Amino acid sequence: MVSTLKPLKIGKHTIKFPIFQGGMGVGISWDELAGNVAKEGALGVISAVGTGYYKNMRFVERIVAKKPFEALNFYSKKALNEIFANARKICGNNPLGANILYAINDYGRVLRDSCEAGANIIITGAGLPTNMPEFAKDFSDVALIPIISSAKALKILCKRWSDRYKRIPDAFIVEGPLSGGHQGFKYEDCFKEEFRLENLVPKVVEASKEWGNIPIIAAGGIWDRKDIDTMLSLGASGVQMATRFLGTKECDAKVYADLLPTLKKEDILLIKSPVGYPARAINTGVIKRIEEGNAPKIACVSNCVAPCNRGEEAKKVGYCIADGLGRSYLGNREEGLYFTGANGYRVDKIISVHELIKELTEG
């Protein structure tokens, strides 16, 4: 209960602790996880990606081959609505974020869906989101946070936003190459010291000065309070952590509770992705299937991302990301796709969200 960490303002919202739990798709950070995180005083973040899979396609208008049909059902507005409502059953009006990748043509639709669902903050990476306020203008209080890989991206985003909307972002998340999910770096760049998070945060904070010290949130490889204090000392206003929350009981993708305590370092790797960024995965499930020559059939049903071009890149790399992540949420251990930060092998026990926050904030 006693902490020396100080409350964090993001636009018009305040969170008790300067910690975000990073969004994780598909079905990893939904209502149980995000709700309990926000209940603890950190920022819970609901993933808006693949919400059609929620409760085994409870809220989709059409299913093909046990997949949500097209982007309208993959990014399901009614599913998102119920996920926010069920999270707020836990955390009340405590601030909640909605994480939405940029690499989708229906980006504005999902952004407005998140706003109408009750999100206080929109977080967007997997691209350079130069037009978030275009879609958020009916919702003045919703704070807008790009995820960036470099100080150059901060400067570009601030200039484009300022010139077009007379608004600049409410915060920036800089994500490094030790993160879960997709990386904002070429594979070769993920191993280079120049892109380590401790080197990115100083540059991004210095770039932020020019625009009035927009708060910076460091993400990628942050494990414990020592890492948090390191990032804060480098100028970051907060941290975003995901892998630690991937190992909590309240994770909405229950498979991880059985997968992580067995996870060995040598079974984490960077792979290719239809999204067009390296993805950090566990060497299990669909990956193993592909290497056996038992790859699931690929035929684009959910149309989840623009860079794939309705199956072109999925067929090239060998897997459909929507299919695999949805299968993981539904408990398919043989054909699921499973993601992790570099630190995933350090998960020994599955603990509660409350005990994790107590660890991260005590003192």
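If you superpose the two forms and keep the largest set of C-alpha atoms that fall within 1.5 Å, you have the rigid core. For every residue, the number given is its place in the sequence shown, counted from 1.
S.K.: Taking RMS over all structures and residues, which stretch has CA atoms farther from the shown form in 8 other deposited structures of this protein, 101 to 109 or 150 to 158, after a rigid core fit?
M.R.: Looking at 101 to 109 versus 150 to 158 in 8 other deposited structures of this protein, the farther one turns out to be 101 to 109.
S.K.: Fitting on the core, do the C-alphas of 169 to 177 or of 92 to 100 deviate more in 8 other deposited structures of this protein?
M.R.: After superposing on the rigid core, the more displaced stretch in 8 other deposited structures of this protein is 169 to 177.
S.K.: Comparing average C-alpha B factors as deposited, tell me which of 22 to 30 and 55 to 63 sits higher.
M.R.: Result of the comparison: 55 to 63.
S.K.: Mind pulling up the entry and telling me whether 68 to 76 or 202 to 210 has the higher mean Cα temperature factor?
M.R.: The entry gives the higher C-alpha B-factor average to 202 to 210.
S.K.: For the C-alpha B-factor as written in the entry, point me to the maximum among 256, 102, 277, 135.
M.R.: In the PDB entry, the greatest C-alpha B-factor among 256, 102, 277, 135 is found at 135.
S.K.: When you compare the CA B-factors of 46, 337, 298, 308 as listed in the entry, which one comes out on top?
M.R.: The record points to 298.
S.K.: What third of the chain, by the recorded C-alpha B-factor, contains residue 262?
M.R.: It falls in the top third of the chain.
S.K.: Name the third of the chain's ranked CA B-factors that contains residue 193, choosing lowest, middle or highest.
M.R.: Top third by C-alpha B-factor.
S.K.: Could you look up the Cα B-factor of residue 331 in the entry and say which third of the chain it sits in: lowest, middle or highest?
M.R.: For residue 331, the deposited C-alpha B-factor lands in the highest third.
S.K.: What third of the chain, by the recorded C-alpha B-factor, contains residue 287?
M.R.: Within its chain, residue 287 is a highest-third residue by C-alpha B-factor, going by the deposited values.
S.K.: Among the chain's modelled residues, which third holds the C-alpha B-factor of residue 118?
M.R.: Its C-alpha B-factor, which the entry lists for residue 118, ranks in the lowest third among residues of this chain.
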